[PDB]
Amino acid sequence: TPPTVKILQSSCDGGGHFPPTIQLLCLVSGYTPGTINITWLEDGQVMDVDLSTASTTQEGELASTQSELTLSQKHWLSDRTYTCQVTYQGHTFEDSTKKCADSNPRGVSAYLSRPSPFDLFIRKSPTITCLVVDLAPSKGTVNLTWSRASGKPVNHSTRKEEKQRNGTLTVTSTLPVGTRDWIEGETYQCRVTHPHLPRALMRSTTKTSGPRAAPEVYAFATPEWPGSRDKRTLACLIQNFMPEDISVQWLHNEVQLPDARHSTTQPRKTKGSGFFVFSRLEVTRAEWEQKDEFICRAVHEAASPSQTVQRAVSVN
Amino acid sequence: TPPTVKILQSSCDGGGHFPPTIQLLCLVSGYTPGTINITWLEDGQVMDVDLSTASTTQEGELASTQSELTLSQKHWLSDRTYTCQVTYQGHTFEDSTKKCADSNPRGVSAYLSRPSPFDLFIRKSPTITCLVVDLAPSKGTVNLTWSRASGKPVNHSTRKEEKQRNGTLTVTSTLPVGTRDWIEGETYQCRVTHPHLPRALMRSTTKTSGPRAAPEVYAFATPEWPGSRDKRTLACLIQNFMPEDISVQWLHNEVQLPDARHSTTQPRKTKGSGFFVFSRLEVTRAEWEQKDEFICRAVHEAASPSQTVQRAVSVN
Amino acid sequence: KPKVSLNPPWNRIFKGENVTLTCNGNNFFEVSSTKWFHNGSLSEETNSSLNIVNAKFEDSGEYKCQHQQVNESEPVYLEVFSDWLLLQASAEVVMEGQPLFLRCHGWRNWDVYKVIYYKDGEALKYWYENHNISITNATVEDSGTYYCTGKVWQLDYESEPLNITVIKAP
Ligand SMILES: *[C@@H]1O[C@H](CO)[C@@H](O[C@@H]2O[C@H](CO)[C@@H](O[C@@H]3O[C@H](CO)[C@@H](O[C@@H]4O[C@H](CO)[C@@H](O)[C@H](O)[C@H]4NC(C)=O)[C@H](O)[C@@H]3O)[C@H](O)[C@H]2NC(C)=O)[C@H](O)[C@H]1NC(C)=O
Ligand SMILES: *[C@@H]1O[C@H](CO)[C@@H](O[C@@H]2O[C@H](CO)[C@@H](O[C@@H]3O[C@H](CO)[C@@H](O)[C@H](O)[C@@H]3O)[C@H](O)[C@H]2NC(C)=O)[C@H](O)[C@H]1NC(C)=O
Ligand SMILES: *[C@@H]1O[C@H](CO)[C@@H](O[C@@H]2O[C@H](CO)[C@@H](O[C@@H]3O[C@H](CO)[C@@H](O)[C@H](O)[C@@H]3O)[C@H](O)[C@H]2NC(C)=O)[C@H](O)[C@H]1NC(C)=O
Ligand SMILES: *[C@@H]1O[C@H](CO)[C@@H](O[C@@H]2O[C@H](CO)[C@@H](O)[C@H](O)[C@H]2NC(C)=O)[C@H](O)[C@H]1NC(C)=O
Ligand SMILES: *[C@@H]1O[C@H](CO)[C@@H](O)[C@H](O)[C@H]1NC(C)=O
Ligand SMILES: *[C@@H]1O[C@H](CO)[C@@H](O)[C@H](O)[C@H]1NC(C)=O
Ligand SMILES: *[C@@H]1O[C@H](CO)[C@@H](O)[C@H](O)[C@H]1NC(C)=O
Ligand SMILES: *[C@@H]1O[C@H](CO)[C@@H](O)[C@H](O)[C@H]1NC(C)=O
Ligand SMILES: *[C@@H]1O[C@H](CO)[C@@H](O)[C@H](O)[C@H]1NC(C)=O
């Protein structure tokens with residue numbers, strides 16, 4: 001069996017300031033036990049410093065070992081690619097790490113939103129969005145491209161280059177993701193390259209990992225208030241769902257209500273298991289008399305089997 | 001022997017980017033063997049995920065084990081602080097990590113808090129907090145001067161400094177406030193002066209002026225869920241009130257509950273009316289078996305005549 | 001007539017910065033035969049180069065220099081500021097074709113990011129680092145209330161506004 005090899009770096013704390021001795025640990029596991037040659041490469045060049053301390057550990061039919069490289073502080077900010085090169089059975093395997101480049105190169109920040117459960121489970125047309133906004137306006141265009149983790153071809157995105165009031169440049173790219181591929185966990189990547197950006201912007205999103213839990217929608221009306229004839233508001237507590245992604249709509253006589261009518265709070269973590277959402281909608285008197293089974297619907301990915309949980313609100 | 005706690009980060013893709021699945025590996029080694037509980041923290045919040053707590057390996061007279069956290073790219077690039085904490089033998093050892101920039105502190109910020117209406121009306125000892133955050137430990141220890149708008153003297157204010165996990169300092173100044181002086185409209189001022197700064201941070205607070213509306217309180221229980229059956233989640237909608245200063249309490253047996261039970265959200269603007277807040281509490285079976293009413297209480301300036309309006313509900 | 005030239009040529013400085021005013025003249029002979037008129041009173045400096053080391057707030061105001069029987073120079077207006085961002089200029093009054101300069105100086109020359117220069121409420125220019133703008137030829141439409149907004153330690157701030165007027169030089 002081919003070995004599964006990973007590479008870890010020492011974490012940086014105090015936040016900001018790096019530790020003085022950055023340590024790189026290349027853990028190679030899941031191999032048939034035997035003889036393995038471990039070396040380290042600085043852009044393909046071998047140093048004199050390494051640690052050969054870690055022995056093999058035969059966990060069943062597989063084994064695991066690693067090696068540690070210790071560095072000075074200033075060598076990490078030299079931007080030199082490091083590679084833990086492992087030779088086994090005449091076969092060559094390599095992992096590389098360098099200093100982690102900034103998420104905002106020189107100030108240019110990119111935010112890649114995930115598709116909500118709305119457009120993912122109702123109309124089945126979900127749109128991923130790469131919003132990169134800090135760019136200075138120049139004659140060169142914003143070279144924006146899209147990729148996946150499995151290398152499958154992506155659809156045509158729509159670019160929205162516009163100069164803002166504060167002299168910046170907004171680049172918005174909306175791509176129609178596949179629903180089945182998003183359920184797979186295919187990592188969608190937005191890559192932005194500019195003439196005056198020193199390195200490429202890479203943003204990646206995946207279907208949110210962790211547990212799965214169906215929502216637990218309860219939807220209440222309110223008791224009649226003295227001096228109130230028109231407000232008659234309704235509340236909807238949706239609780240205990242994994243993950244945070246949830247979309248809440250309201251249904252009047254099997255017609256979808258506008259999103260501006262209801263004030264949906266952000267999913268905040270409850271004490272026990274998941275998250276709670278507290279959507280509240282006010283209905284005027286004409287449709288208060290025309291009640292016809294008010295529905296609070298909460299579309300969610302783990303709401304098996306109908307990907308949708310809804311309840312009923314009655315005034316009486 | 002005390003345990004030795006380190007954190008190893010994930011890979012960094014070789015070229016310039018972050019992998020979409022970031023592994024945070026907390027190594028604990030060189031301790032007296034026994035029971036160790038790993039707790040993972042995100043800015044002082046304990047989350048419940050499927051962290052991979054590996055087995056304890058005994059090396060001589062010492063022992064070592066590890067824990068793993070998985071993250072998406074977005075939460076790691078949101079510039080948060082993650083802390084591995086060992087709760088071993090009644091003692092807490094902490095090691096944190098964070099996405100690390102080159103050299104860029106977040107700059108000294110000052111936040112002034114209005115007194116809560118529970119402190120203003122029920123306890124009748126209101127206090128005002130000036131919170132100085134993102135303070136670097138490079139000396140300073142900011143001078144914190146309190147004043148009013150009319151030049152009258154203020155009460156003696158207590159001060160404290162907490163060394164936060166993310167490298168910085170948080171300086172809290174709490175000043176007791178005269179209640180008749182506060183309700184009459186006196187504007188209080190907190191001045192945060194630092195030697196390595198220009199013109200100092202001035203924060204001004206006052207009683208919120210405008211129209212006044214009594215808070216309408218409704219309280220609802222849970223109409224049962226399949227499974228669970230040991231806990232019930234009560235909701236409380238308090239709506240249509242101005243101004244936004246409202247304290248939500250959740251009394252039972254004429255005894256105030258701890259504030260960790262409820263999850264009251266911040267006020268948000270309604271449609272053509274005042275504000276609304278939403279409260280949620282989880283009762284165990286042993287609490288509602290006594291048939292006593294969980295009474296949701298809103299403390300507000302316009303809740304005539306007791307500065308308090310309450311709604312009591314019980315599960316069926 | 002004698003003239004006052006500043007090194008550096010910013011007439012607006014910070015509380016604690018350095019600037020030397022030089023009494024530049026023609027046929028000046030001996031350099032130690034001039035006097036320094038402050039706002040009102042007489043300064044005791046010599047050698048036609050008055051330096052303001054660690055400048056306080058009281059060093060702002062009218063400055064002129066006098067050399068023998070010819071009268072004092074045209075007074076330059078110094079203005080010591082104390083802010084996070086200061087918009088420094090070569091001159092508030094700039095003739096046609098004269099080189100206009102603007103610089104968003106951070107406090108104690110801190111590095112400023114995402115600097116946006118605004119001319120009367122619209123974005124004149126924007127860059128990710130602290131940058132100057134050096135207009136080689138000045139136009140009469142290149143005037144107004146210039147001010148720069150930037151980021152010092154990842155927090156947005158705002159400079160004091162500067163009234164720059166470019167007039168038609170005869
Ligand atoms: C010749 O005339 C000039 C003016 O034409 C005289 O300069 C004047 O000198 C006095 C004394 O130093 C200054 O008084 C200061 O006033 C400023 C407000 O203008 C105060 O600084 C302020 O501090 C607060 C603190 O939080 C800060 O928030 C403010 O931003 C800051 N103000 C500014 C503008 O940044 C300071 O505390 C003093 O009270 C006069 O301002 C100054 N005049 C001008 C126009 O700058 C000069 O003194 C005179 N020559 C002689 C010999 O007297
Ligand atoms: C200049 O003005 C523009 C306003 O058009 C600023 O753009 C705004 O930048 C903020 C962040 O700096 C964006 O907020 C982001 O929204 C996404 C949406 O999902 C969210 O995920 C992020 O966490 C973040 O909150 C905001 O959307 C964006 N506005 C637009 C219209 O795109 C820009 O930052 C300003 N530049 C400077 C230097 O002040
Ligand atoms: C480092 O960690 C500290 C805390 O561990 C962070 O301080 C937090 O800063 C935020 C704002 O940056 C504070 O939020 C503010 O709260 C007030 C009310 O208290 C509210 O009126 C404001 O609108 C704002 O939401 C927060 O309270 C504060 N936390 C504590 C415990 O003081 C700090 O920001 C962190 N710095 C970095 C660079 O991560
Ligand atoms: C903005 O202008 C100032 C002054 O013209 C520049 O500061 C000078 O920079 C040069 C080259 O680095 C130095 O030799 C001088 O000593 C500097 N003078 C002063 C007074 O600092 C500054 O570099 C300019 N900034 C930009 C971004 O162009
Ligand atoms: C710019 O975009 C074009 C369009 O596909 C692509 O072929 C080219 O490689 C891009 N160049 C860079 C430098 O990103
Ligand atoms: C001004 O000059 C003095 C004399 O060398 C020096 O100590 C000080 O740092 C200077 N200040 C600035 C802001 O350049
Ligand atoms: C200043 O000098 C000029 C010479 O051009 C002279 O005409 C004027 O009278 C002088 N001003 C005085 C002496 O106040
Ligand atoms: C303005 O442009 C002219 C072009 O002929 C040039 O000669 C002059 O020096 C410029 N002014 C400056 C650089 O101040
Ligand atoms: C600039 O000039 C205009 C024109 O009168 C004036 O209203 C404004 O106050 C001036 N601003 C400054 C900062 O001098």
# chains A, B, ... in the order shown; residues from 1 in each chain; ligands from 1

call {"tool": "interface_residues", "arguments": {"of": "chain A", "to": "chain C", "cutoff": "10 Å", "atoms": "only C-alpha atoms", "output": "ChimeraX atom specification"}}
result
/A:105-108,134-137,164-168

call {"tool": "interface_residues", "arguments": {"of": "chain B", "to": "chain A", "cutoff": "6 Å", "atoms": "only C-alpha atoms", "output": "PyMOL selection string"}}
result
chain B and resi 7-14+16+97-98+100-101+166-167

call {"tool": "write_last_selection", "arguments": {"atoms": "N, CA, C and O atoms", "output": "mmCIF file, in the first residue's frame"}}
result
data_model
loop_
_atom_site.group_PDB
_atom_site.id
_atom_site.type_symbol
_atom_site.label_atom_id
_atom_site.label_comp_id
_atom_site.auth_asym_id
_atom_site.auth_seq_id
_atom_site.Cartn_x
_atom_site.Cartn_y
_atom_site.Cartn_z
ATOM 1 N N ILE B 7 0.673 23.194 20.431
ATOM 2 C CA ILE B 7 -0.284 23.097 19.333
ATOM 3 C C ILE B 7 0.482 23.106 18.018
ATOM 4 O O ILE B 7 1.336 23.973 17.798
ATOM 5 N N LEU B 8 0.186 22.138 17.156
ATOM 6 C CA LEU B 8 0.725 22.071 15.807
ATOM 7 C C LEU B 8 -0.386 22.384 14.811
ATOM 8 O O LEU B 8 -1.488 21.829 14.903
ATOM 9 N N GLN B 9 -0.098 23.278 13.871
ATOM 10 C CA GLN B 9 -1.063 23.668 12.859
ATOM 11 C C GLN B 9 -1.096 22.639 11.733
ATOM 12 O O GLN B 9 -0.421 21.609 11.771
ATOM 13 N N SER B 10 -1.890 22.928 10.709
ATOM 14 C CA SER B 10 -2.023 22.049 9.559
ATOM 15 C C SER B 10 -0.953 22.378 8.522
ATOM 16 O O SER B 10 0.006 23.107 8.787
ATOM 17 N N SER B 11 -1.114 21.835 7.319
ATOM 18 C CA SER B 11 -0.243 22.157 6.203
ATOM 19 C C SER B 11 -0.586 23.533 5.641
ATOM 20 O O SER B 11 -1.520 24.205 6.084
ATOM 21 N N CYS B 12 0.190 23.956 4.645
ATOM 22 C CA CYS B 12 -0.052 25.225 3.973
ATOM 23 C C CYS B 12 0.155 25.108 2.469
ATOM 24 O O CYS B 12 0.641 26.047 1.832
ATOM 25 N N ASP B 13 -0.145 23.938 1.900
ATOM 26 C CA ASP B 13 -0.336 23.662 0.471
ATOM 27 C C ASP B 13 0.944 23.791 -0.362
ATOM 28 O O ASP B 13 0.921 23.477 -1.557
ATOM 29 N N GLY B 14 2.064 24.204 0.222
ATOM 30 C CA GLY B 14 3.283 24.361 -0.542
ATOM 31 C C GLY B 14 3.393 25.688 -1.259
ATOM 32 O O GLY B 14 4.329 26.450 -1.003
ATOM 33 N N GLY B 16 1.038 28.773 -1.933
ATOM 34 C CA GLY B 16 0.743 29.954 -1.145
ATOM 35 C C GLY B 16 -0.523 29.933 -0.313
ATOM 36 O O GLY B 16 -0.880 30.949 0.286
ATOM 37 N N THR B 97 -3.829 29.314 19.757
ATOM 38 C CA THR B 97 -3.317 29.526 18.411
ATOM 39 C C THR B 97 -4.297 30.418 17.669
ATOM 40 O O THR B 97 -5.428 30.632 18.111
ATOM 41 N N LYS B 98 -3.853 30.914 16.519
ATOM 42 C CA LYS B 98 -4.519 31.992 15.803
ATOM 43 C C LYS B 98 -3.855 32.110 14.442
ATOM 44 O O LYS B 98 -2.684 31.756 14.293
ATOM 45 N N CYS B 100 -1.846 34.087 12.011
ATOM 46 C CA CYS B 100 -0.817 35.040 12.404
ATOM 47 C C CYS B 100 -0.452 35.935 11.229
ATOM 48 O O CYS B 100 0.002 35.450 10.188
ATOM 49 N N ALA B 101 -0.647 37.238 11.405
ATOM 50 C CA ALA B 101 -0.162 38.230 10.463
ATOM 51 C C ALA B 101 1.290 38.570 10.779
ATOM 52 O O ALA B 101 1.853 38.125 11.782
ATOM 53 N N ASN B 166 -5.518 36.298 23.367
ATOM 54 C CA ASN B 166 -4.998 36.680 22.056
ATOM 55 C C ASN B 166 -3.979 37.817 22.174
ATOM 56 O O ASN B 166 -4.048 38.833 21.484
ATOM 57 N N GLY B 167 -3.022 37.633 23.080
ATOM 58 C CA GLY B 167 -1.879 38.522 23.187
ATOM 59 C C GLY B 167 -2.108 39.897 23.786
ATOM 60 O O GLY B 167 -1.143 40.577 24.142
#

call {"tool": "select_by_dssp", "arguments": {"residues": "chain C", "states": "helix (DSSP H, G or I)", "output": "PyMOL selection string"}}
result
chain C and resi 57-59+107-109

call {"tool": "closest_atom_pairs", "arguments": {"of": "chain A", "to": "ligand 5", "cutoff": "8 Å", "atoms": "only C-alpha atoms and all ligand atoms", "output": "Markdown table"}}
result
| residue | atom | partner | partner_atom_place_in_ligand_line | distance |
| --- | --- | --- | --- | --- |
| A:143 | CA | ligand 5 | 1 (C) | 4.8 |
| A:144 | CA | ligand 5 | 2 (O) | 7.0 |
| A:145 | CA | ligand 5 | 5 (O) | 7.3 |
| A:192 | CA | ligand 5 | 14 (O) | 7.6 |
| A:193 | CA | ligand 5 | 14 (O) | 5.4 |
| A:194 | CA | ligand 5 | 14 (O) | 7.6 |

call {"tool": "closest_atom_pairs", "arguments": {"of": "chain C", "to": "ligand 4", "cutoff": "6 Å", "atoms": "only C-alpha atoms and all ligand atoms", "output": "Markdown table"}}
result
| residue | atom | partner | partner_atom_place_in_ligand_line | distance |
| --- | --- | --- | --- | --- |
| C:8 | CA | ligand 4 | 20 (C) | 5.3 |
| C:103 | CA | ligand 4 | 1 (C) | 5.9 |
| C:130 | CA | ligand 4 | 27 (C) | 5.6 |
| C:131 | CA | ligand 4 | 27 (C) | 3.8 |
| C:132 | CA | ligand 4 | 26 (C) | 4.9 |

call {"tool": "write_last_selection", "arguments": {"atoms": "C-alpha atoms", "output": "PDB file, in the first residue's frame"}}
result
ATOM      1  CA  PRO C   8      10.436  69.449   5.035  1.00  0.00           C
ATOM      2  CA  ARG C 103       0.724  63.334   1.585  1.00  0.00           C
ATOM      3  CA  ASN C 130       0.550  54.989   2.313  1.00  0.00           C
ATOM      4  CA  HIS C 131       1.025  56.922  -0.909  1.00  0.00           C
ATOM      5  CA  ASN C 132       1.543  60.523  -1.934  1.00  0.00           C
TER       6      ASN C 132
END

call {"tool": "residues_around", "arguments": {"residues": "residue 13 in chain C", "least_positions_apart": "5", "cutoff": "7 Å", "atoms": "only C-alpha atoms", "output": "PyMOL selection string"}}
result
chain C and resi 79-81

call {"tool": "residues_near_ligand", "arguments": {"ligand": "ligand 6", "cutoff": "6 Å", "atoms": "only C-alpha atoms and all ligand atoms", "output": "ChimeraX atom specification"}}
result
/C:16-18,53-54

call {"tool": "closest_residue", "arguments": {"among": "C:4, C:76, C:112, C:65", "to": "ligand 1", "atoms": "only C-alpha atoms and all ligand atoms"}}
result
C:76

call {"tool": "calpha_fit_rmsd", "arguments": {"fixed": "chain B", "moving": "chain A"}}
result
23.1 Å

call {"tool": "residues_near_ligand", "arguments": {"ligand": "ligand 9", "cutoff": "8 Å", "atoms": "only C-alpha atoms and all ligand atoms", "output": "ChimeraX atom specification"}}
result
/C:144-145,160-163

call {"tool": "write_last_selection", "arguments": {"atoms": "C-alpha atoms", "output": "PDB file, in the first residue's frame"}}
result
ATOM      1  CA  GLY C 144     -11.127  72.294  -2.908  1.00  0.00           C
ATOM      2  CA  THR C 145     -11.445  70.460   0.410  1.00  0.00           C
ATOM      3  CA  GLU C 160      -8.304  67.054   9.181  1.00  0.00           C
ATOM      4  CA  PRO C 161      -9.696  68.699   6.016  1.00  0.00           C
ATOM      5  CA  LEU C 162      -7.406  70.940   3.980  1.00  0.00           C
ATOM      6  CA  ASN C 163      -8.587  73.887   1.883  1.00  0.00           C
TER       7      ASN C 163
END

call {"tool": "residues_near_ligand", "arguments": {"ligand": "ligand 1", "cutoff": "8 Å", "atoms": "only C-alpha atoms and all ligand atoms", "output": "number ranges by chain"}}
result
B: 198-200; C: 38-41, 56-62, 77, 79-83
